[PDB]
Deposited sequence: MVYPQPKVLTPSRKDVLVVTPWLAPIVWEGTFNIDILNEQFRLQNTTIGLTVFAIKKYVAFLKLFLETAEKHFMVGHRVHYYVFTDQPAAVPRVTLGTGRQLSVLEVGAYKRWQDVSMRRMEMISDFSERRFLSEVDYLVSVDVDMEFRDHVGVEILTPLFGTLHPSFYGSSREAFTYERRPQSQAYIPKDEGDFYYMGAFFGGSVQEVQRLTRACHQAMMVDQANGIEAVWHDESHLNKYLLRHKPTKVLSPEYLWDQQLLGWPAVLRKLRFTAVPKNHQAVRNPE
């Protein structure tokens, strides 16, 4: 299946880090050939589950989120959307391509809901067919390809406000009394809670660990500074991800524009 030969003596990128110091790829445009990856993943009949929460007024974001996911997310691969909502009847009936299904799961501090709910759900036997789970915010739209290049045992996503920051500027939980605590001299990246995922087993492990950490902090009267993102960051510090997604995958154009290191804006915040 012919494609350009890789060029050993030409860097993929001269302006960004494309592999972490523990040899996990950092996924930017120009670092992958999607035709090779699509083949690898279709040979395994890869099924991707996508979880999204749309609780209270956030059910209004589902229409664009699902319409644009159908244009850009994992097209050609098997996809199952799992929409967690307090308003199942408000979920828009969006037309889906072949091989793609959607289920609505009704949901009943609430800071723990996402990690609690994904943890319980990720352990269910009806996921036997799903290979990877991906968890994203709903108040977002896809604008360009998000595909199997992201898939791996465990991935997080560089927060778009902090990718250029030094670690002491990262808003990690800094109180030693919290289970999310990270010392000022530690930290590889600051990951955003709005896009993470991995194999079902790695997502079971991450969401369990985060939910259990959050319950310990609650018992102790402490709420981490950025809630489940704080616990995501302590988790991925100690269990390093096998791919890191660049901020192409989680961007806010109104806040941050279209800077030179972004060749594509793939999944972006919806305003107000």
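Missing from the model, relative to the deposited sequence, are the stretches 109 to 114, 279 to 287.
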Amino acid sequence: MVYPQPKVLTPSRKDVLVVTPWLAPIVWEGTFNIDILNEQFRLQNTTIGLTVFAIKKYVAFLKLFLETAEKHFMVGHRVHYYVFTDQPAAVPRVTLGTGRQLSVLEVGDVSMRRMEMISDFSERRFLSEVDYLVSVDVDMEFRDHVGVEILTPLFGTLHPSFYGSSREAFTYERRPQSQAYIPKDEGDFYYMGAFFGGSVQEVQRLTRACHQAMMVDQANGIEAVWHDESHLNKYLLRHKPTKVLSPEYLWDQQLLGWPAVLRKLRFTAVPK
From here on, numbers count along this sequence of modelled residues.
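Checked against the other entries of this protein, residue 90 counts as resolved in every one of those spanning it, not missing from a third of them. Coverage remark for residue 168: present in the model in all other entries compared whose chains are built on both sides, leaving no third without it. Mean CA temperature factor is higher for 11 to 19 when stretches 245 to 253 and 11 to 19 are set side by side in the entry. Comparing the deposited coordinates for 1 to 9 and 263 to 271, the stretch with the larger average C-alpha B-factor is 1 to 9. Remark: of 26, 225, 50, 203, 225 shows the highest value [criterion: C-alpha B-factor in the PDB entry]. Each of 80, 145, 124, 77 has a CA temperature factor in the record; the biggest one is found at 124. Among the modelled residues of the chain, residue 218 sits in the highest third by CA temperature factor in this PDB entry.
Among all modelled residues in its chain, residue 108 ranks in the highest third by Cα B-factor. Sort the chain's modelled residues by C-alpha temperature factor and residue 44 lands in the highest third, per the entry.
In the PDB entry, a CA B factor belonging to the lowest third of its chain's modelled residues is recorded for residue 194. Ranked within its chain, residue 137 lands in the middle third, by CA B factor from the PDB record.
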